[PDB]
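To start, the structure itself, in structure tokens.
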Amino acid sequence: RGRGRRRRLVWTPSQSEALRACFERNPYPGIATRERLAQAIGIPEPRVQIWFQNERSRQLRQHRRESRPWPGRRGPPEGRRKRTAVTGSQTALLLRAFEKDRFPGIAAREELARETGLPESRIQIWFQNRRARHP
DNA sequence: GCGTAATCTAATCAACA
DNA sequence: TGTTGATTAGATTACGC
């Protein structure tokens, strides 16, 4: 990988309380739920998404260690993020960047956002998918 | 150093031209 | 329908405290 990752966030206690309470309600929130929590506690939705991935990993691993069944999905699955439209010039920017560095740090990713107008979070997924499809 | 946010791979679901 | 964006499980990495 590269270097220069995002500076880790530190949850305030109230933020932790809010994430844990949301998680009780449903450990598989949709984009509508994630954006709703994001705005309630004043952090960007992408940080919320990463915290649910990590909190599920922790719950699964504890359930596993306690030899307990994971409830899993409950209720109707909530809607996904709408698919991001990526123009041909946006794709071109990204492709050039990818040729020089497959593993951009937060620095590189945030300027691509400036340049392409795409969200940094979507750029990060773009590279994940590109790497996994173009060794 | 600990705890865990941030990052990663791989497999898969699914939108859209 | 094929391309590719979005999500998941789970492993790993590297920071703030």
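Just so it is clear, the values below take in all heavy atoms, side chains as well, and ignore hydrogens, waters and symmetry mates. Below, chains carry the letters A, B, ... as their sequence lines are ordered, and counting in each starts from 1.
By the side chain to side chain donor-acceptor pair (under 3.5 Å) test, A:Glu120 is found to be paired with A:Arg6, A:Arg109, residues two or more places apart in sequence or in another chain being considered. A:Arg68 meets the side chain to side chain donor-acceptor pair (under 3.5 Å) test with A:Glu66; sequence neighbours excluded. Annotation: side chain to side chain contact (heavy atoms under 4.5 Å, CB included) contacts of A:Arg58 (sequence neighbours excluded): A:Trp51, A:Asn54, A:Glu55, A:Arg61. Evaluation of the side chain to side chain donor-acceptor pair (under 3.5 Å) rule for A:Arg65 yields A:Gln62 as partners, not counting sequence neighbours. Listed by chain and residue number, nothing satisfies the salt bridge (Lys or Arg N to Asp or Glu O under 4.0 Å) test with A:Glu99 (two or more places apart in sequence, or in another chain). Remark: A:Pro135 pairs with no residue by the side chain to side chain contact (heavy atoms under 4.5 Å, CB included) rule, at least two apart or across chains. Applying the side chain to side chain contact (heavy atoms under 4.5 Å, CB included) criterion to A:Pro29, with sequence neighbours excluded, gives A:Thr33, A:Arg34, A:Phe52, A:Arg56, A:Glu78. With sequence neighbours excluded, the residues that form a side chain to side chain contact (heavy atoms under 4.5 Å, CB included) with A:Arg130 are A:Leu95, A:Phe98, A:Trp126, A:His134.
Dashed line: the shortest gap from a side-chain N or O of A:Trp126 to OP1 or OP2 of C:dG5 is under 4.0 Å. Using a 4.0 Å cut-off, some side-chain N or O of A:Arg6 falls inside it from OP1 or OP2 of B:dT7.
Set against C:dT7, B:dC8, C:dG10, the side chain of A:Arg64 has C:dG10 as its closest nucleotide.
Remark on the helix from B:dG1-C:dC17 to B:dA17-C:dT1: inter-end axis angle 30°, axes from five-pair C1' superpositions, rounded to 10°.
Put simply, CD on A:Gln49 is 15 Å from P on B:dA5, counting in whole angstrom units. The distance between atom CD of A:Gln15 and atom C1' of B:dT4, rounded to the nearest whole Å, is 15 Å. Taking atom CZ on A:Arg61 and atom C1' on C:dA11, their separation rounds to 9 Å, with Å as the unit. Put simply, CG on A:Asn129 is 11 Å from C1' on B:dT12, counting in whole angstrom units. As rounded to whole Å, 10 Å separates atom P of B:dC8 from atom CD1 of A:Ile106. One interatomic measurement links the two molecules: CZ of A:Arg5 to P of B:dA6, which rounds to 9 Å at whole-angstrom precision. Distance CD (A:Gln128) to P (C:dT7): 11 Å, rounded to an integer number of Å. Taking atom CZ on A:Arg130 and atom P on B:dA10, their separation rounds to 17 Å, with Å as the unit.
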Between A:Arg36 and A:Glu45, does a salt bridge (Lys or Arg N to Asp or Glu O under 4.0 Å) hold up when you go through it step by step?
CA-CA 8 Å; A:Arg36 196 184 306 118; A:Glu45 184 279 334; over 6 Å; no

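Listed by residue number, A:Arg80, A:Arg83 are the residues of residues 67-96 of chain A with a heavy-atom contact under 4.0 Å to DNA chain B. Near DNA chain C, meaning a heavy atom under 4.0 Å from it, residues 51-60 of chain A has A:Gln53, A:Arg56, A:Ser57, A:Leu60 in order of number. Of the residues in residues 19-37 of chain A, those placing a heavy atom less than 4.0 Å from an atom of DNA chain C are A:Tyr28, A:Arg34, in numerical order.
Considering all non-hydrogen atoms of both residues, A:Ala85 and A:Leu118 come closest at O-CD2, 3.9 Å. For A:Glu24 against A:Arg74, the heavy-atom pair with the smallest separation is O-NH2, 2.8 Å. When all heavy atoms of A:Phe127 and A:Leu94 are compared, the closest pair comes out as CE1-CD2, 4.2 Å. Nearest heavy-atom pair, A:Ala38 versus A:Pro44, reported as atom, atom and distance to 0.1 Å: CB-C, 4.1 Å.
Taking the side chain as every heavy atom from C-beta outward, A:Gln59 and A:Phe23 approach each other to under 4.5 Å.
For B:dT12, its base sits under 3.5 Å from the side chain of A:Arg133 at one donor and acceptor pair at least.
At a threshold of 4.0 angstrom between heavy atoms, the contacts of A:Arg122 are confined to the sugar-phosphate backbone, with no base atom among them.
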